[PDB]
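Down below is the structure, laid out as structure tokens.
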Amino acid sequence: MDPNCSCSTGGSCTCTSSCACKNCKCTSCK
Ligand SMILES: [Cd+2]
Ligand SMILES: [Cd+2]
Ligand SMILES: [Cd+2]
């Protein structure tokens with residue numbers, strides 16, 4: 001059902017020096 005994050009759906013989300021989610025599937029997260 002995806003229970004880990006809520007970032008949105010379109011082209012780009014950012015994720016740089018500090019994150020406010022649990023782990024995520026993005027660039028340095030997994
Ligand atoms: Cd996230
Ligand atoms: Cd993200
Ligand atoms: Cd993240």
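To be explicit about the labels: the chains of the structure tokens are called A, B, and onward in the order shown, and within each one the residues are counted from 1, while ligands get numbers from 1 in the order they are shown.
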
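Every residue having at least one atom no farther than 8 Å from ligand 1 is included below, with only C-alpha atoms and all ligand atoms taken into account: residues 4, 5, 6, 7, 15, 19, 20, 21, 22, 23, 24, 25 and 26 of chain A.
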
- Message: as a list in words, please: the residues near range 16-18 of chain A (cut-off 12 Å, only C-alpha atoms, same-chain neighbours under 4 positions excluded).
- Response: residues 26, 27, 28 and 29 of chain A

Okay, now the selection with N, CA and C atoms, as a compact mmCIF listing (two decimals), in the first residue's frame?
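Listed below is the output, again-v6.txt:
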```txt
# COMPACT_ATOMS: atom_id res chain seq x y z
N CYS A 26 14.28 7.96 -3.77
CA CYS A 26 14.70 9.35 -4.54
C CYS A 26 16.29 9.30 -5.05
N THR A 27 17.35 10.25 -4.64
CA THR A 27 18.90 10.27 -5.17
C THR A 27 19.87 9.61 -4.01
N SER A 28 20.38 10.37 -2.86
CA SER A 28 21.25 9.73 -1.62
C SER A 28 20.27 9.02 -0.46
N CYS A 29 18.81 8.98 -0.60
CA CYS A 29 17.73 8.27 0.39
C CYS A 29 17.86 6.62 0.11
```
